[PDB]
file upload-v8.txt (compact mmCIF, C-alpha atoms and all ligand atoms)
# COMPACT_ATOMS: atom_id res chain seq x y z
CA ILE A 1 0.54 -56.68 32.01
CA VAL A 2 -0.05 -60.44 32.09
CA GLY A 3 2.18 -62.59 34.28
CA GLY A 4 4.18 -59.63 35.60
CA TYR A 5 4.78 -58.38 39.12
CA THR A 6 4.01 -55.35 41.27
CA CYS A 7 6.69 -52.78 40.42
CA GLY A 8 6.72 -50.93 43.71
CA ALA A 9 5.63 -47.33 44.15
CA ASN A 10 7.51 -44.89 41.95
CA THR A 11 10.27 -47.39 40.99
CA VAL A 12 9.49 -46.61 37.31
CA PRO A 13 9.53 -42.78 37.57
CA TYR A 14 9.28 -42.13 33.82
CA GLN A 15 5.98 -44.04 33.60
CA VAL A 16 2.91 -41.86 33.01
CA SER A 17 -0.81 -42.54 32.86
CA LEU A 18 -2.82 -40.79 30.11
CA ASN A 19 -6.24 -39.88 31.48
CA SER A 20 -9.39 -38.70 29.64
CA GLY A 21 -11.78 -39.17 32.56
CA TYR A 22 -10.20 -42.64 33.15
CA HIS A 23 -6.80 -44.26 32.50
CA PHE A 24 -6.63 -45.34 28.83
CA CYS A 25 -2.91 -45.55 27.79
CA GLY A 26 0.59 -45.29 29.21
CA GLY A 27 3.47 -43.06 28.10
CA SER A 28 7.07 -42.16 28.97
CA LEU A 29 8.41 -38.82 30.20
CA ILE A 30 11.45 -37.90 28.09
CA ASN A 31 12.04 -34.40 29.55
CA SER A 32 10.22 -31.98 31.84
CA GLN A 33 7.77 -30.98 29.08
CA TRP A 34 7.40 -33.98 26.71
CA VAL A 35 5.83 -37.46 26.80
CA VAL A 36 6.22 -40.23 24.22
CA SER A 37 3.25 -42.55 23.66
CA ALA A 38 1.63 -44.60 20.82
CA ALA A 39 -0.19 -42.80 18.01
CA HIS A 40 -3.08 -45.28 18.40
CA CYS A 41 -3.59 -43.82 21.93
CA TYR A 42 -4.43 -40.48 20.27
CA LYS A 43 -7.40 -38.58 21.63
CA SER A 44 -8.34 -35.00 22.52
CA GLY A 45 -8.58 -33.86 26.15
CA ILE A 46 -5.56 -35.72 27.51
CA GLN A 47 -4.37 -35.16 31.05
CA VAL A 48 -0.92 -36.58 31.82
CA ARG A 49 -0.58 -38.14 35.30
CA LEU A 50 3.00 -38.39 36.62
CA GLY A 51 4.21 -39.95 39.86
CA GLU A 52 1.37 -42.47 39.90
CA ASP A 53 1.29 -45.80 41.62
CA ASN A 54 -2.32 -46.57 42.49
CA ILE A 55 -4.20 -44.77 39.72
CA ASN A 56 -7.45 -44.75 41.76
CA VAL A 57 -5.98 -43.22 44.96
CA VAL A 58 -4.29 -39.86 45.44
CA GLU A 59 -1.22 -40.99 47.42
CA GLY A 60 0.63 -37.70 47.49
CA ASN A 61 3.37 -37.82 44.80
CA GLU A 62 1.26 -37.24 41.68
CA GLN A 63 1.50 -34.37 39.22
CA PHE A 64 -1.54 -33.89 36.95
CA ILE A 65 -0.74 -31.73 33.90
CA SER A 66 -3.01 -31.17 30.89
CA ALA A 67 -1.57 -31.68 27.40
CA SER A 68 -1.18 -28.50 25.33
CA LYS A 69 -0.52 -30.32 22.05
CA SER A 70 -0.44 -33.84 20.58
CA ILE A 71 1.63 -34.70 17.48
CA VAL A 72 1.07 -38.08 15.81
CA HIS A 73 3.95 -39.23 13.58
CA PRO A 74 3.50 -37.84 10.04
CA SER A 75 3.65 -41.38 8.58
CA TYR A 76 1.43 -43.10 11.17
CA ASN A 77 -0.66 -45.84 9.53
CA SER A 78 -3.59 -46.82 11.73
CA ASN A 79 -4.31 -49.90 9.60
CA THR A 80 -0.85 -51.53 9.98
CA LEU A 81 0.27 -49.62 13.11
CA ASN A 82 3.45 -48.73 11.25
CA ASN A 83 5.05 -45.63 12.87
CA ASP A 84 2.91 -46.03 16.01
CA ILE A 85 4.38 -43.09 17.91
CA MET A 86 3.07 -39.78 19.23
CA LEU A 87 4.54 -36.85 21.21
CA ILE A 88 2.52 -35.00 23.85
CA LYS A 89 3.56 -31.58 25.13
CA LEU A 90 2.57 -30.62 28.69
CA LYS A 91 1.00 -27.20 29.32
CA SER A 92 3.60 -26.64 32.05
CA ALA A 93 6.92 -28.34 32.92
CA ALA A 94 6.88 -31.23 35.40
CA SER A 95 8.99 -30.93 38.56
CA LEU A 96 11.64 -33.67 38.29
CA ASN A 97 12.49 -35.52 41.54
CA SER A 98 13.11 -39.11 42.72
CA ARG A 99 9.50 -40.09 41.87
CA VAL A 100 9.21 -38.19 38.59
CA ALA A 101 12.12 -38.56 36.21
CA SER A 102 12.72 -38.65 32.46
CA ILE A 103 14.06 -41.63 30.49
CA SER A 104 16.92 -41.32 28.00
CA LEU A 105 16.37 -41.75 24.27
CA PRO A 106 18.57 -44.41 22.54
CA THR A 107 21.63 -43.44 20.49
CA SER A 108 21.71 -46.94 18.96
CA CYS A 109 19.09 -49.68 18.56
CA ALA A 110 18.76 -52.56 21.00
CA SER A 111 19.94 -56.08 20.27
CA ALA A 112 17.95 -59.33 20.15
CA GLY A 113 18.33 -61.23 23.42
CA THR A 114 18.48 -58.00 25.51
CA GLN A 115 16.20 -58.21 28.58
CA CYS A 116 13.91 -55.13 28.91
CA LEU A 117 11.39 -53.73 31.42
CA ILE A 118 7.78 -53.21 30.26
CA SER A 119 5.22 -51.57 32.54
CA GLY A 120 1.63 -50.33 32.75
CA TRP A 121 -1.86 -50.54 34.24
CA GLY A 122 -3.30 -52.77 31.53
CA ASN A 123 -5.29 -56.02 31.77
CA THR A 124 -3.62 -58.76 33.84
CA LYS A 125 -5.65 -61.64 32.34
CA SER A 126 -4.90 -63.80 29.28
CA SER A 127 -8.51 -64.38 28.21
CA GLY A 128 -10.64 -62.80 31.00
CA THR A 129 -10.62 -59.17 32.24
CA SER A 130 -9.01 -57.70 35.36
CA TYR A 131 -7.45 -54.23 35.51
CA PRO A 132 -5.02 -53.39 38.34
CA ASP A 133 -4.86 -50.22 40.39
CA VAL A 134 -1.09 -50.31 41.03
CA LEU A 135 1.65 -50.33 38.39
CA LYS A 136 2.68 -53.75 36.99
CA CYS A 137 6.10 -54.71 35.61
CA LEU A 138 7.46 -57.42 33.31
CA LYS A 139 10.90 -58.52 32.26
CA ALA A 140 10.98 -59.70 28.68
CA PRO A 141 13.63 -60.24 25.99
CA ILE A 142 13.79 -58.82 22.51
CA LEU A 143 13.12 -61.59 20.00
CA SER A 144 14.99 -62.13 16.74
CA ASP A 145 13.61 -60.39 13.65
CA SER A 146 13.29 -63.82 12.06
CA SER A 147 11.09 -65.17 14.87
CA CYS A 148 9.03 -61.93 14.97
CA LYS A 149 8.26 -62.12 11.22
CA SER A 150 7.43 -65.85 11.58
CA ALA A 151 4.90 -65.11 14.30
CA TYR A 152 3.25 -62.35 12.29
CA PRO A 153 3.90 -63.06 8.61
CA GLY A 154 3.48 -60.09 6.28
CA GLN A 155 2.77 -57.70 9.19
CA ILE A 156 6.17 -56.66 10.65
CA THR A 157 7.97 -53.53 9.40
CA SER A 158 11.51 -52.44 10.21
CA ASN A 159 9.87 -49.91 12.59
CA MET A 160 8.65 -52.80 14.81
CA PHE A 161 10.23 -55.45 17.05
CA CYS A 162 8.87 -58.40 19.03
CA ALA A 163 9.60 -59.00 22.72
CA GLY A 164 8.22 -61.62 25.11
CA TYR A 165 7.83 -65.39 25.35
CA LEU A 166 6.74 -67.62 22.47
CA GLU A 167 5.51 -70.19 25.01
CA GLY A 168 2.96 -67.57 26.21
CA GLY A 169 1.86 -66.54 29.72
CA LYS A 170 3.87 -63.27 29.93
CA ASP A 171 3.01 -60.20 27.81
CA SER A 172 1.75 -56.63 27.75
CA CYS A 173 -1.98 -56.17 27.06
CA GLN A 174 -4.66 -53.57 26.28
CA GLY A 175 -4.35 -50.59 28.62
CA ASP A 176 -0.52 -50.87 28.54
CA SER A 177 -0.45 -49.29 25.03
CA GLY A 178 1.81 -46.25 24.69
CA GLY A 179 3.91 -47.36 27.67
CA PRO A 180 7.67 -47.96 27.84
CA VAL A 181 9.99 -50.76 27.00
CA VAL A 182 13.30 -49.77 28.65
CA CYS A 183 16.49 -51.66 27.77
CA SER A 184 19.92 -50.82 29.19
CA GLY A 185 18.52 -47.56 30.64
CA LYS A 186 17.11 -46.33 27.28
CA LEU A 187 13.56 -46.12 25.91
CA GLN A 188 13.77 -48.68 23.04
CA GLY A 189 10.10 -49.55 22.61
CA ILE A 190 6.50 -48.43 22.92
CA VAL A 191 3.72 -50.91 23.68
CA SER A 192 1.94 -51.12 20.27
CA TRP A 193 0.05 -54.31 19.45
CA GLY A 194 -0.30 -58.08 19.61
CA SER A 195 -2.68 -60.92 18.82
CA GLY A 196 -4.54 -61.20 22.10
CA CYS A 197 -2.28 -61.11 25.16
CA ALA A 198 0.16 -63.77 26.41
CA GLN A 199 -0.87 -66.32 23.75
CA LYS A 200 1.55 -69.00 22.50
CA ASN A 201 3.41 -67.96 19.32
CA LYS A 202 1.92 -64.45 19.47
CA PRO A 203 4.49 -62.19 21.26
CA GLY A 204 4.05 -58.45 21.81
CA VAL A 205 4.92 -56.03 18.99
CA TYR A 206 6.65 -52.73 19.86
CA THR A 207 7.35 -49.49 18.08
CA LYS A 208 11.11 -49.36 17.50
CA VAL A 209 12.03 -46.02 19.08
CA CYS A 210 15.61 -45.80 17.77
CA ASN A 211 14.21 -45.14 14.25
CA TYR A 212 12.40 -41.98 15.54
CA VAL A 213 15.08 -40.17 17.57
CA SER A 214 15.79 -37.61 14.80
CA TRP A 215 12.07 -36.81 14.48
CA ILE A 216 11.66 -36.49 18.25
CA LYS A 217 14.67 -34.19 18.66
CA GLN A 218 13.70 -31.85 15.76
CA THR A 219 10.04 -31.78 16.84
CA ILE A 220 10.96 -30.86 20.43
CA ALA A 221 13.37 -28.20 19.13
CA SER A 222 10.55 -26.51 17.21
CA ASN A 223 7.48 -26.81 19.48
CA CA B 1 -2.48 -42.12 42.58

call {"tool": "encode", "arguments": {"input": "upload-v8.txt", "output": "structure tokens"}}
result
Amino acid sequence: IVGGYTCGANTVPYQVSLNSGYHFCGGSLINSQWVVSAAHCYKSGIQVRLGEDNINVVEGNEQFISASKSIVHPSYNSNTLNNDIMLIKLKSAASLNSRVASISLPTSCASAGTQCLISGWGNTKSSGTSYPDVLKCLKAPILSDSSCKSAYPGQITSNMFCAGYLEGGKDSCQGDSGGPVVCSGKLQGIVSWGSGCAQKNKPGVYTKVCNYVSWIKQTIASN
């Protein structure tokens, strides 16, 4: 996260770190056994880390659970990042408490202008490189469809939305991928892509979760 702030330990209790020997992507806990992330975060040998603040120190509230199964969206396109969504099942159920908690799925899609909370352990620099140890947060608004498509002509599907600041300086970045965008208490987005981070006229692009709620529900009911 570029130009964000320190969240505060366990104030975002649905935030997970995906670990394959090192943190590489975020995710969201949506019930005691399931995590939503980005399909481009796919890899084998995922361990899901819940209750994290400092991802390099064991602070006492963590739960480390291996994934039993990953399921990339059937229509995921790795060229365009259309349908950039994946489900991860945990080998055992997480214990839910004040520090580990699920986030609700949306019943209806979010509206342009709505302020949302984006979080992760990704790069905090615009052009350089610095990765944080504690969880970073950012408030950012959903941008109109028209301004999104203007920023990224010929690249935006109806399964994507833009959020952020056209003036630049505030954005998600690499290492935040797969993490949450939470608006009005619902998971509305997944950190997907962007042209650089925090650049003028290049806002963040997010997977539009409300288009996938049927697929998530049926997949969880069968696996
Ligand atoms: Ca930790």

call {"tool": "residues_around", "arguments": {"input": "upload-v8.txt", "residues": "stretch 16-27 of chain A", "least_positions_apart": "4", "cutoff": "9 Å", "atoms": "only C-alpha atoms", "output": "CSV table (one decimal) with C-alpha atoms, keeping the file's coordinate frame"}}
result
chain,number,residue,atom,x,y,z
A,35,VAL,CA,5.8,-37.5,26.8
A,36,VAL,CA,6.2,-40.2,24.2
A,37,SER,CA,3.2,-42.6,23.7
A,38,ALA,CA,1.6,-44.6,20.8
A,41,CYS,CA,-3.6,-43.8,21.9
A,43,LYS,CA,-7.4,-38.6,21.6
A,44,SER,CA,-8.3,-35.0,22.5
A,45,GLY,CA,-8.6,-33.9,26.2
A,46,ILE,CA,-5.6,-35.7,27.5
A,47,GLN,CA,-4.4,-35.2,31.0
A,48,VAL,CA,-0.9,-36.6,31.8
A,49,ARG,CA,-0.6,-38.1,35.3
A,50,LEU,CA,3.0,-38.4,36.6
A,51,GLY,CA,4.2,-40.0,39.9
A,52,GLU,CA,1.4,-42.5,39.9
A,55,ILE,CA,-4.2,-44.8,39.7
A,119,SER,CA,5.2,-51.6,32.5
A,120,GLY,CA,1.6,-50.3,32.8
A,121,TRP,CA,-1.9,-50.5,34.2
A,122,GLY,CA,-3.3,-52.8,31.5
A,174,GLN,CA,-4.7,-53.6,26.3
A,175,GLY,CA,-4.4,-50.6,28.6
A,176,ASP,CA,-0.5,-50.9,28.5
A,177,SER,CA,-0.4,-49.3,25.0
A,178,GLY,CA,1.8,-46.2,24.7
A,179,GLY,CA,3.9,-47.4,27.7
A,180,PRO,CA,7.7,-48.0,27.8
A,190,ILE,CA,6.5,-48.4,22.9
A,191,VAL,CA,3.7,-50.9,23.7

call {"tool": "residues_around", "arguments": {"input": "upload-v8.txt", "residues": "residue A:201", "least_positions_apart": "2", "cutoff": "12 Å", "atoms": "all atoms listed in the file", "output": "VMD selection string"}}
result
chain A and resid 143 147 to 153 162 to 171 194 to 199 203 to 204

call {"tool": "closest_residue", "arguments": {"input": "upload-v8.txt", "among": "A:57, A:140, A:90, A:39", "to": "ligand CA 1 (chain B)", "atoms": "only C-alpha atoms and all ligand atoms"}}
result
A:57

call {"tool": "residues_around", "arguments": {"input": "upload-v8.txt", "residues": "stretch 212-221 of chain A", "least_positions_apart": "2", "cutoff": "9 Å", "atoms": "all atoms listed in the file", "output": "list in words"}}
result
residues 34, 36, 71, 73, 83, 85, 87, 89, 105, 106, 107, 159, 208, 209, 210 and 223 of chain A

call {"tool": "atom_distance", "arguments": {"input": "upload-v8.txt", "atom1": "atom CA of residue A:192", "atom2": "atom CA of residue A:161"}}
result
9.9 Å

call {"tool": "closest_residue", "arguments": {"input": "upload-v8.txt", "among": "A:115, A:14, A:157, A:128", "to": "residue A:141", "atoms": "all atoms listed in the file"}}
result
A:115

call {"tool": "residues_around", "arguments": {"input": "upload-v8.txt", "residues": "residue A:104", "least_positions_apart": "2", "cutoff": "7 Å", "atoms": "all atoms listed in the file", "output": "list in words"}}
result
residues 30, 102, 106, 185, 186 and 187 of chain A

call {"tool": "axis_aligned_box", "arguments": {"input": "upload-v8.txt", "around": "stretch 50-60 of chain A", "padding_each_side": "6 Å", "output": "AutoDock Vina command-line options"}}
result
--center_x -1.6 --center_y -42.1 --center_z 42.1 --size_x 23.7 --size_y 20.9 --size_z 22.9

call {"tool": "residues_around", "arguments": {"input": "upload-v8.txt", "residues": "residue A:182", "least_positions_apart": "4", "cutoff": "8 Å", "atoms": "only C-alpha atoms", "output": "ChimeraX atom specification"}}
result
/A:116-118,186-189

call {"tool": "closest_residue", "arguments": {"input": "upload-v8.txt", "among": "A:13, A:1, A:54, A:33", "to": "ligand CA 1 (chain B)", "atoms": "only C-alpha atoms and all ligand atoms"}}
result
A:54

call {"tool": "atom_distance", "arguments": {"input": "upload-v8.txt", "atom1": "atom CA of residue A:158", "atom2": "atom CA of residue A:137"}}
result
26.1 Å

call {"tool": "closest_residue", "arguments": {"input": "upload-v8.txt", "among": "A:15, A:108, A:61, A:32", "to": "residue A:181", "atoms": "only C-alpha atoms"}}
result
A:15

call {"tool": "atom_distance", "arguments": {"input": "upload-v8.txt", "atom1": "atom CA of residue A:99", "atom2": "atom CA of residue A:65"}}
result
15.4 Å

call {"tool": "closest_residue", "arguments": {"input": "upload-v8.txt", "among": "A:146, A:97, A:63, A:6", "to": "ligand CA 1 (chain B)", "atoms": "all atoms listed in the file"}}
result
A:63

call {"tool": "closest_residue", "arguments": {"input": "upload-v8.txt", "among": "A:78, A:56, A:144, A:207", "to": "residue A:113", "atoms": "only C-alpha atoms"}}
result
A:144

call {"tool": "decode", "arguments": {"input": "upload-v8.txt", "residues": "stretch 93-109 of chain A", "atoms": "N, CA and C atoms", "output": "PDB file, in the first residue's frame"}}
result
ATOM      1  N   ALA A  93     -10.752 -25.924   9.956  1.00  0.00           N
ATOM      2  CA  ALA A  93     -11.483 -24.689  10.188  1.00  0.00           C
ATOM      3  C   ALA A  93     -10.669 -23.775  11.086  1.00  0.00           C
ATOM      4  N   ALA A  94     -10.680 -22.465  10.793  1.00  0.00           N
ATOM      5  CA  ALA A  94     -10.101 -21.475  11.688  1.00  0.00           C
ATOM      6  C   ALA A  94     -10.979 -21.305  12.927  1.00  0.00           C
ATOM      7  N   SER A  95     -10.383 -20.957  14.069  1.00  0.00           N
ATOM      8  CA  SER A  95     -11.170 -20.520  15.218  1.00  0.00           C
ATOM      9  C   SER A  95     -11.470 -19.035  15.085  1.00  0.00           C
ATOM     10  N   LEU A  96     -12.752 -18.678  14.997  1.00  0.00           N
ATOM     11  CA  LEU A  96     -13.149 -17.282  14.861  1.00  0.00           C
ATOM     12  C   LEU A  96     -13.260 -16.642  16.240  1.00  0.00           C
ATOM     13  N   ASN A  97     -12.727 -15.413  16.344  1.00  0.00           N
ATOM     14  CA  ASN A  97     -12.584 -14.644  17.577  1.00  0.00           C
ATOM     15  C   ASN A  97     -12.496 -13.158  17.195  1.00  0.00           C
ATOM     16  N   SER A  98     -12.067 -12.283  18.114  1.00  0.00           N
ATOM     17  CA  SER A  98     -12.066 -10.853  17.839  1.00  0.00           C
ATOM     18  C   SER A  98     -10.947 -10.477  16.862  1.00  0.00           C
ATOM     19  N   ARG A  99      -9.936 -11.352  16.724  1.00  0.00           N
ATOM     20  CA  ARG A  99      -8.757 -11.097  15.904  1.00  0.00           C
ATOM     21  C   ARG A  99      -8.831 -11.876  14.588  1.00  0.00           C
ATOM     22  N   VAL A 100      -9.665 -12.912  14.542  1.00  0.00           N
ATOM     23  CA  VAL A 100      -9.878 -13.641  13.311  1.00  0.00           C
ATOM     24  C   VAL A 100     -11.369 -13.753  13.045  1.00  0.00           C
ATOM     25  N   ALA A 101     -11.808 -13.129  11.954  1.00  0.00           N
ATOM     26  CA  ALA A 101     -13.230 -12.987  11.694  1.00  0.00           C
ATOM     27  C   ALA A 101     -13.441 -12.971  10.189  1.00  0.00           C
ATOM     28  N   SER A 102     -14.589 -13.483   9.742  1.00  0.00           N
ATOM     29  CA  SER A 102     -14.906 -13.509   8.328  1.00  0.00           C
ATOM     30  C   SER A 102     -15.525 -12.180   7.901  1.00  0.00           C
ATOM     31  N   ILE A 103     -15.517 -11.928   6.586  1.00  0.00           N
ATOM     32  CA  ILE A 103     -16.140 -10.751   6.002  1.00  0.00           C
ATOM     33  C   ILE A 103     -17.306 -11.218   5.145  1.00  0.00           C
ATOM     34  N   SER A 104     -18.412 -10.466   5.218  1.00  0.00           N
ATOM     35  CA  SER A 104     -19.610 -10.765   4.463  1.00  0.00           C
ATOM     36  C   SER A 104     -19.380 -10.573   2.969  1.00  0.00           C
ATOM     37  N   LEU A 105     -20.024 -11.440   2.183  1.00  0.00           N
ATOM     38  CA  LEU A 105     -20.141 -11.286   0.739  1.00  0.00           C
ATOM     39  C   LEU A 105     -21.229 -10.272   0.390  1.00  0.00           C
ATOM     40  N   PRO A 106     -21.133  -9.515  -0.728  1.00  0.00           N
ATOM     41  CA  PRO A 106     -22.173  -8.541  -1.067  1.00  0.00           C
ATOM     42  C   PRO A 106     -23.432  -9.222  -1.609  1.00  0.00           C
ATOM     43  N   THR A 107     -24.599  -8.636  -1.323  1.00  0.00           N
ATOM     44  CA  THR A 107     -25.837  -9.033  -1.971  1.00  0.00           C
ATOM     45  C   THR A 107     -26.051  -8.172  -3.204  1.00  0.00           C
ATOM     46  N   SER A 108     -25.591  -6.916  -3.165  1.00  0.00           N
ATOM     47  CA  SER A 108     -25.657  -6.043  -4.332  1.00  0.00           C
ATOM     48  C   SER A 108     -24.331  -5.300  -4.490  1.00  0.00           C
ATOM     49  N   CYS A 109     -24.070  -4.831  -5.719  1.00  0.00           N
ATOM     50  CA  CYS A 109     -22.778  -4.263  -6.093  1.00  0.00           C
ATOM     51  C   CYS A 109     -22.631  -2.866  -5.506  1.00  0.00           C
TER      52      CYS A 109
END
